[PDB]
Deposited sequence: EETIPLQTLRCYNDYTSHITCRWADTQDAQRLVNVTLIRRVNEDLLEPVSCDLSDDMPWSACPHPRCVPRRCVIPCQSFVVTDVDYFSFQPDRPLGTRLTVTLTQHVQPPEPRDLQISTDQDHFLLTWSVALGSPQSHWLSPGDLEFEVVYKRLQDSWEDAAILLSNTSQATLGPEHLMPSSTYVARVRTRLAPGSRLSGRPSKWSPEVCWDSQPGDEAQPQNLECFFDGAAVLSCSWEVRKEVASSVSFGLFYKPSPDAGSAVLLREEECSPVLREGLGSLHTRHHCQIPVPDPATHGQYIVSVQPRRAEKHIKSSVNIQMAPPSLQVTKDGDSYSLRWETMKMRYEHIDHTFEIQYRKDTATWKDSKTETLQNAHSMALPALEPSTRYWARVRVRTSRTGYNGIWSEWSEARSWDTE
């Protein structure tokens, strides 16, 4: 029985005139409350029990960290078969609190249920019911309640609390509330209408209902909330699809009509995965002179500069092998660039129909058109691969594709 002294309390007696009780108390509770053991004589005869400190706890164990075991001895209660006496623990001082709850001034309406939303062309009718009672209990009538519905998206926190109310168990959520492609969530609480019984906290929020809003254009930026700070900065809370942002880079432009178009910083802050909001701090030195700033969010002119003379890649040359006296040479099909004087480095590769290109000889030289070699008894061995590169101060490019293995 929870209470420690009760929990650990065993009273052993002998059919003579000696009944000992052993219980304990927690040393912590001691500095707040102290209790005295009490025996039930017959009824209003709550005769107290004398108890002296003890160190040992044999009859029962104490589940506390620091207990104050006690041993109590009580006199002849004249033992006889079927004799039961009750023990209680009386606190040193009267404890408790009271509260006169005048029903009317402490009413908490029941929570709504059967929350459902039926859409009707970019409009959502949120319906619900409330179990008032059974026999027409005139105490509380539906005309005594008020409803507070809160709604948001399956992303943001309820702290933004976009509330709405109704005197009927129905609300009309539309385009002027929800935004075009977001999945919303809403719940309802039952309040006490001004015409009422009296005060009382409103019910607890009902289960929330989820639904997708009006069809819209995804892959578009949303929530262009811009809030003017004091009198020097204007912060805007951007919002774009975490997939569009990986193909379309957007920027925040602003023009105070009656033009500048970017901010020094555009910090990205990841939202609920599916979305990534951005921020920018637009400076505003003349708030009085220019109190109109039409901000916009469109594709930022993001371009990659490619320098021709640095991103070169020549075409693979031809080879056609020549064999006079002792086969060795290799022809270089230089793609005659119109009288353009540029140095070229080549990479020729050896081989054999019995080996892979990973074990070839790569003689790399400049402005050459052939090389030397000492073959063997094979005359159907592969060994024709040539790469060209810009080995001039026309600084750089990339290895050209390979030529073709002229099986000789």
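Asks: If I number the deposited sequence starting at 1, which residue ranges have no C-alpha coordinates at all?
Replies: Counting from residue 1, the stretches without coordinates are 259-266, 417-419.
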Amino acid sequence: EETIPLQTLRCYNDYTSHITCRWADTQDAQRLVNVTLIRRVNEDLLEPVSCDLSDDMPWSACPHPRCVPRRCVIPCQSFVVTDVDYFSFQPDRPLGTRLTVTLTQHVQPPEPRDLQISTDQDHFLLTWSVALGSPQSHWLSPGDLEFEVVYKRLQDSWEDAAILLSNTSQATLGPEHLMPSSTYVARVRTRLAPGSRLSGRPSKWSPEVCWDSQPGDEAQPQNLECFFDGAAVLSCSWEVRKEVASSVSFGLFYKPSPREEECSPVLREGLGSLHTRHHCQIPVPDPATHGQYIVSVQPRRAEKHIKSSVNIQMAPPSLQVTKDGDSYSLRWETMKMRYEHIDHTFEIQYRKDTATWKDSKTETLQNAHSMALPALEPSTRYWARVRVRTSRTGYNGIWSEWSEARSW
From here on, numbers count along this sequence of modelled residues.
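Asks: Of the two stretches 320-328 and 139-147, which shows the higher Cα B-factor on average in the entry?
Replies: Comparing 320-328 with 139-147, the higher average CA B-factor belongs to 320-328.
Asks: Could you settle it for me: does 298-306 or 172-180 have the higher average Cα B factor in the PDB entry?
Replies: Looking at the recorded C-alpha B-factors, 172-180 comes out higher on average.
Asks: Please pick out which of 120, 85, 159, 92 has the largest Cα B-factor as recorded in the entry.
Replies: In this record, 159 carries the highest C-alpha B-factor of the candidates.
Asks: Per the entry, which of 339, 346, 357, 59 tops the list for Cα B factor?
Replies: Across 339, 346, 357, 59, the entry lists the biggest C-alpha B-factor for 357.
Asks: Could you say whether, by C-alpha temperature factor, residue 111 belongs to the lowest, middle or highest third of its chain?
Replies: Its C-alpha B-factor belongs to the lowest third of this chain's values.
Asks: C-alpha B factor of residue 239, ranked within the chain: lowest, middle or highest third?
Replies: Lowest third of the chain for residue 239's C-alpha B-factor.
Asks: Going by the recorded CA B-factors, say which third of the chain residue 213 sits in, lowest, middle or highest.
Replies: According to the entry, residue 213 has a C-alpha B-factor in the chain's middle third.
Asks: Quick one: classify residue 388 as lowest, middle or highest third of the chain based on its Cα B-factor.
Replies: As the PDB entry reports it, the C-alpha B-factor of residue 388 lands in the lowest third of its chain.
Asks: Taking the entry's C-alpha B-factors for this chain, is residue 13 in the lowest, middle or highest third?
Replies: CA B-factor rank for residue 13: middle third.
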